[PDB]
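Q: Okay, handing you the structure first.
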Amino acid sequence: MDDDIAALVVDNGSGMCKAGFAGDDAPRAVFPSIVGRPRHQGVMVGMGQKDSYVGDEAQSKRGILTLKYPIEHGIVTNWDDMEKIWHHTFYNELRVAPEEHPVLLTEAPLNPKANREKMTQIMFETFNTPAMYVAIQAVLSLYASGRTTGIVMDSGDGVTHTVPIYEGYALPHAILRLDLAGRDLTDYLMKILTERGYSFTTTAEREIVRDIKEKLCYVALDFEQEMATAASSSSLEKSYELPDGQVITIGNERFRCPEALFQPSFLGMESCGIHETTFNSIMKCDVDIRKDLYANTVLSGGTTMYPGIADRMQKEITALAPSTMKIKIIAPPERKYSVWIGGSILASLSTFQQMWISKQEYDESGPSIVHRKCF
Amino acid sequence: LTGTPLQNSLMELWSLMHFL
Amino acid sequence: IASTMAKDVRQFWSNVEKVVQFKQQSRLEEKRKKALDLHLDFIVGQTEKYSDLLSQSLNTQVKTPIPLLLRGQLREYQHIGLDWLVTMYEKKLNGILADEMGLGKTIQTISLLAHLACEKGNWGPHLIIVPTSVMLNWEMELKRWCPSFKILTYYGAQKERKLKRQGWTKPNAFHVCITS
């Protein structure tokens with residue numbers, strides 16, 4: 001391999017694909033992970049009839065396209081659509097040949113062995129990549145934060161995961177998962193807005209509600225006090241202009257929606273909140289490492305971008321953990337990209353050149369070589 | 001009493017002056 | 001595999017901390033630089049102010065004559081240096097004589113001692129630390145020019161040094177001590 005060939009990094013969250021080169025400070029492309037197909041034949045006479053659309057090209061034509069998400073709760077369910085997304089990433093977003101650059105792909109924790117083998121097969125046979133690697137999203141986020149010991153609470157668009165790591169050892173027995181993320185939060189926001197009087201029923205209006213969530217929602221430090229303040233005053237309300245020019249008012253919903261991460265009872269899920277899940281993971285971890293796991297609590301994922309979420313997590317983990325454990329929540333400003341940042345760091349590091357799975361190793365050991373080379 | 005010039009080192013000059 | 005990963009990440013963050021250390025060292029050098037430059041102007045200004053204050057009382061013309069203790073005449077530059085040393089003493093400052101070798105700095109210091117002894121009544125215990133090669137030279141120059149100083153050459157084995165120190169604390173036991 002030529003030392004002048006930079007490796008590619010691809011983070012495929014439940015709702016966003018981030019692709020870039022190893023060594024860059026930010027991903028060069030960040031596009032929604034969706035595949036759109038025409039609803040009726042003949043509706044695209046003169047604009048170019050493509051059998052499928054990917055990314056923003058399909059997001060803009062959502063009005064005339066049926067959209068599918070190949071990644072559900074961080075797990076790939078449509079391999080054809082995932083291959084299409086990877087093709088769009090390589091030939092359209094990055095505009096490079098995958099057979100000329102290594103590929104470091106991110107995966108959610110506890111990824112099925114069959115899914116790992118299928119990804120390896122797709123990368124070695126369809127794109128003919130010279131080498132590749134598979135890395136855990138939480139481990140990459142921790143490396144981007146610049147640590148090897150700590151607990152990462154990575155909440156994407158489809159799933160959240162509390163992953164403890166010691167010297168890079170993502171401890172499987174202590175990893176916890178929660179089927180609650182930006183998608184369910186957007187659904188809850190739609191529900192509460194319909195309750196308030198703003199009814200959103202279409203998939204396009206769902207995107208407006210998602211934008212409202214990303215822009216106006218925030219995590220409150222004290223939910224009861226915030227509810228009391230919202231009921232006794234309108235200072236917590238905000239205005240939002242819809243695409244048609246109508247100005248709506250968002251009130252307590254701003255902090256009632258993100259509150260579902262700490263109290264899934266609002267959505268009806270018999271599961272502990274994110275703080276309680278992190279605490280239970282640190283408990284399942286060995287006692288000798290709980291001090292470092294508390295001291296190096298890192299936040300990752302797009303869902304963790306709510307203002308005040310770090311202070312709320314700090315408060316909750318300090319109230320739940322022993323008084324002798326120093327709690328410290330780490331929320332980098334660019335935590336939404338920590339996954340890709342750590343992937344690029346690991347792909348650019350020289351000592352990592354011996355970790356890649358080569359085409360020869362693949363042809364010799366089958367797709368199962370992932371279970372020996374990626375951990 | 002010195003017979004050589006004090007141009008060899010500012011540190012030596014500072015030491016001599018502090019001693020003075 | 002995870003230990004290799006941890007080692008790689010630890011090396012990377014060691015590089016990051018090295019960059020941070022370079023930054024902090026650059027900031028300290030600035031503080032070191034301004035601290036060095038700032039006190040330089042202070043110690044310099046103070047020294048120059050003290051020298052200017054010292055040159056303010058000069059009448060320049062030499063005020064001190066050849067003291068009575070000298071048996072021979074002093075050269076012109078030697079007399080000027082003697083007057084300068086006497087002024088330094090009167091104004092309570094310490095002196096550095098950087099006259100080129102061979103100009104009689106020994107004679108100038110001996111004349112300073114002569115002045116202090118004759119006009120100021122101070123014949124102290126006057127310590128003189130010289131190289132071992134010139135102790136005898138200093139002793140002979142003192143015996144030659146100023147014969148009134150009690151000279152004590154501190155040399156010899158430990159026992160001889162103890163014998164010489166026996167009773168040396170008494171007043172007027174010696175006027176000038178010469179050591180290495």
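Residues are named by chain letter and number: chains run A, B, ... in the order of the structure tokens, numbers start at 1 in each chain, and ligands are numbered from 1 in the order shown.
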Applying 7 Å and only C-alpha atoms, which residues near residue 20 of chain B remain after dropping the ones on its own chain fewer than 3 positions away? List them as a VMD selection string.
A: (chain B and resid 16 to 17) or (chain C and resid 94)
Q: To test your reading of the structure, identify every residue in segment 76-153 of chain A that backbone DSSP assigns to helix (DSSP H, G or I), and report it as a VMD selection string.
A: chain A and resid 79 to 93 98 to 100 113 to 126 137 to 145
Q: Fewer than 3 positions away in the same chain doesn't count, so skip those; otherwise give me all residues within 7 Å of residue 345 of chain A, counting only C-alpha atoms, as a PDB file with C-alpha atoms, in the first residue's frame.
A:
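Listing of selection-v8.pdb after writing:
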ATOM      1  CA  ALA A  22      -8.875   9.737   7.176  1.00  0.00           C
ATOM      2  CA  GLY A  23      -7.032  12.713   8.646  1.00  0.00           C
ATOM      3  CA  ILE A 341     -13.792  11.849  14.024  1.00  0.00           C
ATOM      4  CA  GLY A 342     -12.569   8.802  15.925  1.00  0.00           C
ATOM      5  CA  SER A 348      -4.868   7.917   9.960  1.00  0.00           C
ATOM      6  CA  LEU A 349      -2.807   6.506  12.841  1.00  0.00           C
TER       7      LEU A 349
END
Q: Can you list, as a list in words, every residue of segment 80-129 of chain A that DSSP puts in strand (DSSP E)?
A: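 The strand (DSSP E) subset of segment 80-129 of chain A is residues 103, 104, 105, 106 and 107 of chain A.
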Q: Grab the atom CA of residue 167 of chain A to atom CA of residue 3 of chain C distance for me, in Å with one decimal place.
A: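 These atoms are spaced 6.6 Å apart.
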Q: Identify every residue of chain B that has at least one atom within 9 Å of any atom of chain C, counting only C-alpha atoms, and report the result as a PDB file with C-alpha atoms, in the first residue's frame.
A:
ATOM      1  CA  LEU B   1      39.212  43.070  40.816  1.00  0.00           C
ATOM      2  CA  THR B   2      39.020  41.724  37.261  1.00  0.00           C
ATOM      3  CA  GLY B   3      41.614  41.689  34.493  1.00  0.00           C
ATOM      4  CA  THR B   4      39.378  40.284  31.745  1.00  0.00           C
ATOM      5  CA  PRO B   5      36.281  41.834  30.138  1.00  0.00           C
ATOM      6  CA  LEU B   6      32.842  40.827  31.418  1.00  0.00           C
ATOM      7  CA  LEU B  20      28.466  43.153  44.304  1.00  0.00           C
TER       8      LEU B  20
END
Q: Taking a cut-off of 7 Å and counting only C-alpha atoms, can you build a table that, for each residue of chain A near chain C, reports the nearest atom pair and how far apart they are in Å (one decimal), sorted by chain then residue number, as a tab-separated table?
A:
residue	atom	partner	partner_atom	distance
A:143	CA	C:9	CA	6.6
A:146	CA	C:13	CA	6.2
A:148	CA	C:6	CA	5.9
A:167	CA	C:6	CA	5.4
A:168	CA	C:2	CA	5.2
A:169	CA	C:2	CA	5.8
A:351	CA	C:8	CA	6.3
A:375	CA	C:1	CA	6.7
Q: Just write the chosen residues, N, CA, C and O atoms, as a PDB file, in the first residue's frame.
A:
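Saved result, again17.pdb, follows:
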ATOM      1  N   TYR A 143     -12.661   7.468  21.375  1.00  0.00           N
ATOM      2  CA  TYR A 143     -11.361   7.832  20.819  1.00  0.00           C
ATOM      3  C   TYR A 143     -11.358   9.271  20.319  1.00  0.00           C
ATOM      4  O   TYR A 143     -10.359   9.987  20.467  1.00  0.00           O
ATOM      5  N   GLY A 146     -10.838  11.357  22.948  1.00  0.00           N
ATOM      6  CA  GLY A 146      -9.441  11.252  23.323  1.00  0.00           C
ATOM      7  C   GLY A 146      -9.220  10.508  24.623  1.00  0.00           C
ATOM      8  O   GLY A 146      -8.482  10.976  25.496  1.00  0.00           O
ATOM      9  N   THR A 148      -9.423   6.208  26.522  1.00  0.00           N
ATOM     10  CA  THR A 148      -9.567   4.768  26.394  1.00  0.00           C
ATOM     11  C   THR A 148     -10.326   4.135  27.551  1.00  0.00           C
ATOM     12  O   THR A 148     -10.547   2.918  27.528  1.00  0.00           O
ATOM     13  N   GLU A 167      -9.554   0.667  28.604  1.00  0.00           N
ATOM     14  CA  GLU A 167      -8.391   0.476  27.740  1.00  0.00           C
ATOM     15  C   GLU A 167      -8.817  -0.035  26.365  1.00  0.00           C
ATOM     16  O   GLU A 167      -8.185  -0.919  25.782  1.00  0.00           O
ATOM     17  N   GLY A 168      -9.909   0.523  25.846  1.00  0.00           N
ATOM     18  CA  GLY A 168     -10.457   0.118  24.570  1.00  0.00           C
ATOM     19  C   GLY A 168     -11.296  -1.141  24.617  1.00  0.00           C
ATOM     20  O   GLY A 168     -11.787  -1.576  23.568  1.00  0.00           O
ATOM     21  N   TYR A 169     -11.480  -1.731  25.794  1.00  0.00           N
ATOM     22  CA  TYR A 169     -12.258  -2.951  25.937  1.00  0.00           C
ATOM     23  C   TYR A 169     -13.733  -2.619  26.112  1.00  0.00           C
ATOM     24  O   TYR A 169     -14.204  -2.409  27.232  1.00  0.00           O
ATOM     25  N   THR A 351       0.159   3.112  13.414  1.00  0.00           N
ATOM     26  CA  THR A 351       0.136   1.813  14.076  1.00  0.00           C
ATOM     27  C   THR A 351      -1.112   1.003  13.747  1.00  0.00           C
ATOM     28  O   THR A 351      -1.128  -0.206  14.004  1.00  0.00           O
ATOM     29  N   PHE A 375     -12.818  -5.886  16.399  1.00  0.00           N
ATOM     30  CA  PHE A 375     -13.280  -6.110  17.761  1.00  0.00           C
ATOM     31  C   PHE A 375     -13.641  -4.793  18.441  1.00  0.00           C
ATOM     32  O   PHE A 375     -13.204  -3.721  18.019  1.00  0.00           O
TER      33      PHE A 375
END
Q: Near segment 253-256 of chain A, counting only C-alpha atoms, which residues have an atom at most 8 Å away, once you skip same-chain residues fewer than 5 positions from it, shown as JSON, numbers by chain?
A: {"A": [189, 192, 193, 213, 216, 217, 218, 219, 220, 223]}
Q: Could you save those same residues with N, CA, C and O atoms as a compact mmCIF listing (two decimals), in the first residue's frame?
A:
# COMPACT_ATOMS: atom_id res chain seq x y z
N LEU A 189 -42.95 14.43 19.67
CA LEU A 189 -43.18 15.84 19.40
C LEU A 189 -44.41 16.05 18.53
O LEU A 189 -45.22 16.94 18.80
N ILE A 192 -47.49 15.50 20.84
CA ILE A 192 -47.77 16.60 21.75
C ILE A 192 -48.18 17.86 21.00
O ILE A 192 -48.98 18.64 21.52
N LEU A 193 -47.69 18.07 19.78
CA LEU A 193 -48.14 19.22 19.00
C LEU A 193 -49.57 19.04 18.52
O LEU A 193 -50.35 20.00 18.54
N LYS A 213 -37.93 20.15 16.44
CA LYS A 213 -37.27 19.45 17.53
C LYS A 213 -35.81 19.86 17.63
O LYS A 213 -35.32 20.23 18.70
N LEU A 216 -35.66 23.99 18.58
CA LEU A 216 -36.27 24.65 19.73
C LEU A 216 -36.28 23.80 21.00
O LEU A 216 -36.38 24.36 22.09
N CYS A 217 -36.18 22.48 20.89
CA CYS A 217 -36.25 21.63 22.06
C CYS A 217 -34.95 21.68 22.85
O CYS A 217 -33.87 21.97 22.32
N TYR A 218 -35.06 21.41 24.15
CA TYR A 218 -33.91 21.42 25.04
C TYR A 218 -34.24 20.59 26.28
O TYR A 218 -35.41 20.39 26.61
N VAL A 219 -33.20 20.13 26.96
CA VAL A 219 -33.34 19.34 28.17
C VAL A 219 -33.34 20.28 29.37
O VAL A 219 -32.42 21.09 29.53
N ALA A 220 -34.37 20.19 30.20
CA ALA A 220 -34.47 21.02 31.39
C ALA A 220 -33.78 20.35 32.57
O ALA A 220 -33.75 19.13 32.69
N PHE A 223 -37.50 19.06 35.67
CA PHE A 223 -38.70 18.96 34.84
C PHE A 223 -39.91 19.58 35.53
O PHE A 223 -40.70 20.29 34.89
Q: May I have the residues within 8 Å of residue 54 of chain C as a VMD selection string, using only C-alpha atoms and disregarding those fewer than 4 positions away in the same chain?
A: chain C and resid 50 58 87 to 88 91
Q: Using atom CA of residue 71 of chain C and atom CA of residue 145 of chain C as the two end points, give the distance in Å to one decimal.
A: 5.9 Å
Q: List the neighbours of residue 171 of chain A out to 12 Å using only C-alpha atoms; skip same-chain residues closer than 4 positions along the sequence, and give me the result as a ChimeraX atom specification.
A: /A:109-110,136,138-139,149-152,162-167,175-176,281-282,284-286,289,293,375 /C:2
Q: Residues of the last selection are to be written out with N, CA and C atoms, as a JSON list (two decimals), in the first residue's frame.
A:
[["chain", "number", "residue", "atom", "x", "y", "z"],
["A", 109, "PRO", "N", -23.05, -1.26, 18.65],
["A", 109, "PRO", "CA", -22.61, -2.39, 19.46],
["A", 109, "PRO", "C", -23.56, -3.57, 19.36],
["A", 110, "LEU", "N", -23.00, -4.77, 19.54],
["A", 110, "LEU", "CA", -23.75, -6.02, 19.45],
["A", 110, "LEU", "C", -24.29, -6.26, 18.04],
["A", 136, "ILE", "N", -16.57, -0.03, 16.37],
["A", 136, "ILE", "CA", -17.78, 0.25, 17.13],
["A", 136, "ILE", "C", -17.95, 1.76, 17.26],
["A", 138, "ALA", "N", -19.43, 3.55, 19.60],
["A", 138, "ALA", "CA", -19.11, 4.08, 20.92],
["A", 138, "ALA", "C", -17.61, 4.16, 21.13],
["A", 139, "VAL", "N", -16.87, 3.15, 20.67],
["A", 139, "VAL", "CA", -15.42, 3.16, 20.82],
["A", 139, "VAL", "C", -14.82, 4.31, 20.00],
["A", 149, "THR", "N", -10.72, 4.91, 28.55],
["A", 149, "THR", "CA", -11.49, 4.42, 29.69],
["A", 149, "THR", "C", -12.64, 5.38, 29.96],
["A", 150, "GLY", "N", -13.86, 4.85, 29.94],
["A", 150, "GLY", "CA", -15.03, 5.67, 30.17],
["A", 150, "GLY", "C", -16.26, 5.02, 29.57],
["A", 151, "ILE", "N", -17.41, 5.62, 29.88],
["A", 151, "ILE", "CA", -18.70, 5.14, 29.40],
["A", 151, "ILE", "C", -19.26, 6.15, 28.42],
["A", 152, "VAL", "N", -19.65, 5.67, 27.24],
["A", 152, "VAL", "CA", -20.17, 6.51, 26.17],
["A", 152, "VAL", "C", -21.67, 6.25, 26.05],
["A", 162, "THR", "N", -25.54, 2.68, 25.85],
["A", 162, "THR", "CA", -24.57, 2.96, 26.90],
["A", 162, "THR", "C", -23.50, 1.88, 26.84],
["A", 163, "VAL", "N", -22.30, 2.26, 26.42],
["A", 163, "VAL", "CA", -21.20, 1.33, 26.22],
["A", 163, "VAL", "C", -20.05, 1.70, 27.14],
["A", 164, "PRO", "N", -19.71, 0.85, 28.12],
["A", 164, "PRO", "CA", -18.49, 1.09, 28.90],
["A", 164, "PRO", "C", -17.27, 0.51, 28.20],
["A", 165, "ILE", "N", -16.14, 1.20, 28.35],
["A", 165, "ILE", "CA", -14.89, 0.83, 27.70],
["A", 165, "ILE", "C", -13.77, 1.00, 28.71],
["A", 166, "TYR", "N", -12.88, 0.01, 28.78],
["A", 166, "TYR", "CA", -11.68, 0.09, 29.62],
["A", 166, "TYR", "C", -10.48, -0.27, 28.76],
["A", 167, "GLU", "N", -9.55, 0.67, 28.60],
["A", 167, "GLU", "CA", -8.39, 0.48, 27.74],
["A", 167, "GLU", "C", -8.82, -0.04, 26.37],
["A", 175, "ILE", "N", -22.76, -3.48, 28.14],
["A", 175, "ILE", "CA", -23.38, -2.61, 27.14],
["A", 175, "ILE", "C", -24.90, -2.74, 27.25],
["A", 176, "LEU", "N", -25.59, -1.61, 27.28],
["A", 176, "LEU", "CA", -27.05, -1.59, 27.34],
["A", 176, "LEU", "C", -27.61, -0.80, 26.16],
["A", 281, "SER", "N", -25.13, 0.30, 33.75],
["A", 281, "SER", "CA", -23.96, -0.21, 33.05],
["A", 281, "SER", "C", -22.71, -0.06, 33.91],
["A", 282, "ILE", "N", -22.54, 1.11, 34.54],
["A", 282, "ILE", "CA", -21.38, 1.31, 35.41],
["A", 282, "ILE", "C", -21.42, 0.34, 36.58],
["A", 284, "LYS", "N", -22.89, -2.82, 36.50],
["A", 284, "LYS", "CA", -22.49, -4.10, 35.93],
["A", 284, "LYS", "C", -20.99, -4.18, 35.68],
["A", 285, "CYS", "N", -20.34, -3.05, 35.40],
["A", 285, "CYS", "CA", -18.89, -3.03, 35.24],
["A", 285, "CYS", "C", -18.21, -3.38, 36.56],
["A", 286, "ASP", "N", -16.93, -3.74, 36.46],
["A", 286, "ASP", "CA", -16.17, -4.11, 37.64],
["A", 286, "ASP", "C", -15.96, -2.90, 38.54],
["A", 289, "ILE", "N", -13.08, -0.31, 38.12],
["A", 289, "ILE", "CA", -13.09, 0.62, 37.00],
["A", 289, "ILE", "C", -14.26, 1.59, 37.04],
["A", 293, "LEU", "N", -14.94, 5.05, 34.94],
["A", 293, "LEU", "CA", -16.13, 5.10, 34.09],
["A", 293, "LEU", "C", -16.98, 6.32, 34.43],
["A", 375, "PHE", "N", -12.82, -5.89, 16.40],
["A", 375, "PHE", "CA", -13.28, -6.11, 17.76],
["A", 375, "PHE", "C", -13.64, -4.79, 18.44],
["C", 2, "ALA", "N", -7.86, -4.81, 21.01],
["C", 2, "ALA", "CA", -8.25, -3.64, 21.78],
["C", 2, "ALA", "C", -7.08, -3.01, 22.54]]
